[PDB]
Amino acid sequence: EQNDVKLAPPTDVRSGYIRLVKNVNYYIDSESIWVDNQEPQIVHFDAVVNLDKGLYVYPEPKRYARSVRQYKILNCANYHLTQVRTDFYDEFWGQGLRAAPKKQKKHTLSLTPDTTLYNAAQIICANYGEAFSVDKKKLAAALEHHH
Ligand SMILES: [Cl-]
């Protein structure tokens with residue numbers, strides 16, 4: 001029975017992180033974006049959640065996470081998004097000491113016009129489609145201008 005810690009997730013955005021959804025502390029880590037030259041159209045990236053409350057997910061019963069890092073793979077051909085791994089971090093922005101549930105299950109899904117990340121994914125793939133590389137500066141401005 002741990003007490004419930006309320007956090008002050010920073011409203012200031014750390015450089016390199018791009019807000020994915022309007023007024024939500026959910027970001028794409030721009031340094032994570034990668035596409036293999038043998039599998040074009042498949043974008044690998046990490047999404048990062050800054051928490052409002054601490055998550056007690058460490059061996060040490062009193063330590064809590066402040067953020068979540070989710071490794072994902074977006075297929076711009078079919079708009080299938082695969083969730084590969086979820087890790088918990090004790091600092092904001094998916095940094096610091098990590099804790100993870102052991103041996104995790106990958107899970108794919110199809111982004112429909114009524115899906116959450118459909119808007120973001122559409123912006124990511126459109127940006128990627130112009131050069132078969134992501135322009136991080138254009139992506140930030142695209143996601144910012146949409147919001
Ligand atoms: Cl910064």
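Regarding how it was determined, this PDB entry cites X-ray crystallography in its header, along with a resolution of 1.9200 Å.

Let's shift gears to empty space enclosed by the protein. Within this model, the largest cavity holds a volume of roughly 50 Å³. In terms of lining, the largest cavity is formed by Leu20, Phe45, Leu74, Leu81, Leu111, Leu117, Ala120, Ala121 and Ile124. Per-element tally for the lining of the largest cavity: the top contributor is helix 1 (residues 118-129), with three residues. Tallied by class, residues from the lining of the largest cavity come to nine nonpolar, no polar and no charged.

In this section: the nonpolar core. If you look at the biggest cluster of nonpolar residues, it comprises 24 residues, and the most contacted ones within it are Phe45, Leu74 and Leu139. Looking at this core, the elements with two or more residues in it are strand 2 (26-29), strand 4 (42-55), helix 1 and helix 2 (136-146). Of all the elements, helix 1 adds the most residues to this core, at seven residues. Other than its neighbours up to four places away in sequence, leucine 139 contacts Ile18, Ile33, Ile123, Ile124, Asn127 and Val134.

What counts, and where the lines are drawn
- Residues numbered from 1 in each chain as written, not as in the entry; some residues may be left out.
- Heavy atoms only, no water.
- Residues with missing side-chain atoms left out of burial classes, pairs and counts.
- 1 Å grid on protein atoms, 1.4 Å probe; cavity = no way out; pocket = protein on both sides within 12 Å on 5 of 7 lines; lining within 4 Å.
- Points joined across faces, edges and corners; volume = space filled by probe spheres on them.
- Helix = DSSP H or I, 4+ residues; strand = E, 2+ residues; numbered from the N terminus.
- Nonpolar A, V, L, I, M, F, W, Y, C, P; charged D, E, K, R; others polar.
- Core = buried A, V, L, I, M, F, W, Y, C linked by side-chain atoms within 4.5 Å.
- Buried < 20%, exposed > 50% of the residue type's maximum accessible area, 1.4 Å probe, protein only.
- Contact = heavy atoms within 4.5 Å.

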